[PDB]
């Protein structure tokens, strides 16, 4: 019954081809994660949503056969995604609701509107650094704009100091890469954990108006989050700032630089920016695979069975171009697509609580970019953009652009 097992390429050489093969193998495809670990992937939309709201599908790693049997090495480069420490991400039920509420409450659409002016300030400061670089030479818009801006917005929300950014960057590049030697993995996990522990100890004795301090202050407060849950939660929040928000900005520029008719309409005001962002989230999503869930008993998925104790990944890149959900134009980027009920942010109880923040950041960064630099284009052919060796995220090595001369519109 199952089509041939798909091995996810550790080098991410052909993400679009892999995505199309996952869709054809759906709704439940056998796959191999790098390091040789067999799991199932849900690769169609309607079945992903059903699985993500099924209480028989859990985050409890002791349910996983492969873990119980000793076949997942602790120095697997994906260990940090497959077995993260206790936090809202790794529990279900009432534990989950306790561990989520405060963070979700700080990040509603309204609490996030109040960060707008602070985000506008950091965006204009990043733009002044661009335009202050040597005119006419290519710039790497990822390292000079798309990386630093979301890292600053998220650091400021959580009160991380800028002196910690260089080591965070280096550690996160190892945490996400398939090429981190197993022998390096243990010390990377210890370093990340020691660095977040140190940040949380400092905030305890030196509060700020930042969300970490608010998590700490719900202490004399029916006990609420343990020290370890706060540290693990901080780590999880800050990993977004080195990953998904950067990718959304990069992928929006890449979509616009390859669809010149829509580009023109967007810079006009005939298609709104919000729609461009939503269609990028659907069509070229920042998170290719969401790790990882486990079946507490056999589950029907289409005509297949997800067996008890097996692992499940959600293949969002694949299912973002699902014709059953969006019709026969599902394959194409169309920024006016209107029912666009993608699940780039997940679905069910673990649905991204930061989604409104990421929309607000990209919705400010991107108009400000192209208002200041209305002839922005890629300095390389679009086909020469390449993915980093990060099997679960859709990230580019560089986004070389010609800014092409400031102001106006």
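Numbering follows the first chain given and starts at 1.
Looking at 121 to 129 and 291 to 299 together, the entry lists the larger mean B-factor for 121 to 129, computed on C-alpha atoms.
134 to 142 and 90 to 98 differ in mean CA B-factor, and the higher of the two is recorded for 134 to 142. Comparing the C-alpha B-factors of 226, 315, 285, 232 in the entry, the top value falls on 226. Of the residues listed, 202, 103, 248, 306, the entry assigns the biggest Cα temperature factor to 202. In the deposited entry, the Cα temperature factor of residue 62 places it in the highest third of its chain's modelled residues. Residue 367: CA B factor in the middle third of modelled residues in this chain (values from the PDB entry). The entry lists a Cα temperature factor for residue 219 that places it in the highest third of the chain's modelled residues. The PDB entry assigns residue 337 a C-alpha temperature factor belonging to the middle third of its chain's modelled residues.
Among the modelled residues of the chain, residue 258 sits in the middle third by CA temperature factor in this PDB entry.
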